[PDB]
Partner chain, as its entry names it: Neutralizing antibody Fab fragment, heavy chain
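Just one chain is shown here, as structure tokens, and it is the form deposited without its partner chain.
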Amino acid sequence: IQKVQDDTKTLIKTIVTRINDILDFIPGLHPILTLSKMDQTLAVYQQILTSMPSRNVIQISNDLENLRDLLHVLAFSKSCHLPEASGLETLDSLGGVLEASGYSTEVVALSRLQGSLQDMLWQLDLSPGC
């Protein structure tokens, strides 16, 4: 379990760095505290990123899948259950949270995602609920 955590922390830093290389305090999309909320949030970002492919987004999107796995492998070792995340049938509802004047939706989306990732980074050290 500790190595699962070490592997999770590492992968997160990688994605945060990848995003920098590509709004300092922009809140992520409800990135919360339990393993299920983290997973349900990552699932919403994946749907978003799938609608805006680019070299780094496709790269990031793949990493997000590896991060979700690590979150599930953890729940596994914690003998708990992560529900199947709900999916948005449409991204049209995400308009408001992804729209900003002087900023692209791609930039707002990756900026929120980075916020969520940095959020998980420290919360996972508190050995969050399930």
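Shifts are known only where both forms have a C-alpha. Here, rigid core means the biggest group of C-alpha atoms that superpose within 1.5 Å across both forms. Positions refer to the first chain, counted from 1.
Trainee: Look at the stretch from residue 22 to residue 23 and count the residues of the deposited sequence that the entry does not model, then pick none, 1 to 3, 4 to 9, or 10 or more.
Mentor: Per the record, 10 or more deposited residues are absent between residue 22 and residue 23.
Trainee: With reference to the PDB entry, specify whether the mean Cα temperature factor is higher for 83-91 or for 55-63.
Mentor: The deposited B-factors put 83-91 ahead on the C-alpha mean.
Trainee: Mean Cα B factor from the PDB record: higher for 109-117, or higher for 11-19?
Mentor: Stretch with the higher mean C-alpha B-factor: 11-19.
Trainee: Could you tell me which one of 70, 97, 44, 33 shows the highest CA temperature factor in the PDB record?
Mentor: The C-alpha B-factor peaks, among 70, 97, 44, 33, at 33.
Trainee: When the modelled residues of the chain are sorted by Cα temperature factor, does residue 124 land in the lowest, middle or highest third?
Mentor: Lowest third - that is where residue 124 ends up once the chain's C-alpha B-factors are sorted.
Trainee: Which third, lowest, middle or highest, does the C-alpha temperature factor of residue 101 belong to within its own chain?
Mentor: Residue 101: CA B-factor falls in the highest third of its chain.
Trainee: Can you tell me whether residue 50 has a C-alpha B-factor in the lowest, middle or highest third compared with the other modelled residues of the same chain?
Mentor: According to the entry, residue 50 has a C-alpha B-factor in the chain's middle third.
Same protein, other form: the form solved in complex with its partner chain, not shown, and the subject of what follows.
Trainee: Which one of 95, 83, 53, 87 is close to its partner chain in the entry with it bound, taking close to mean a heavy atom within 4.5 Å?
Mentor: Filtering the options by heavy-atom distance leaves 83.
Trainee: Taking 4.5 angstroms as the cut-off for heavy atoms, does residue 4 touch its partner chain in the entry with it bound?
Mentor: Output for residue 4 is yes: heavy atoms within 4.5 Å of its partner chain.
Trainee: Can you tell me if residue 73 lies within 4.5 angstroms of its partner chain in the entry with it bound, counting non-hydrogen atoms only?
Mentor: Taking the distances in the entry with it bound, the answer for residue 73 is yes, it comes within 4.5 Å of its partner chain.
Trainee: With the rigid core superposed, which of 60, 98, 74, 44 has its C-alpha shift by 2 Å or more between the shown form and the other one?
Mentor: After core superposition, the one over threshold is 98.
Trainee: Work out whether the Cα atoms of residue 111 and residue 98 come closer together or move farther apart in the entry with it bound than they are in this form, the change being 3 angstroms or more.
Mentor: Compared with the form shown here, the C-alpha atoms of residue 111 and residue 98 sit farther apart in the entry with it bound, by 3 Å or more.
Trainee: Did residue 103 and residue 49 drift closer or farther in the entry with it bound, going by a CA distance change of 3 angstroms or more?
Mentor: It is closer: in the entry with it bound, the C-alpha atoms of residue 103 and residue 49 lie at least 3 Å nearer than they do here.
Trainee: Return the sequence-ordered list of stretches, each of 3 or more consecutive shared residues, in which all C-alpha shifts are 2 angstroms or more between the shown form and the other one following rigid core superposition.
Mentor: Residues 86-90, 93-104 form the shifted runs.
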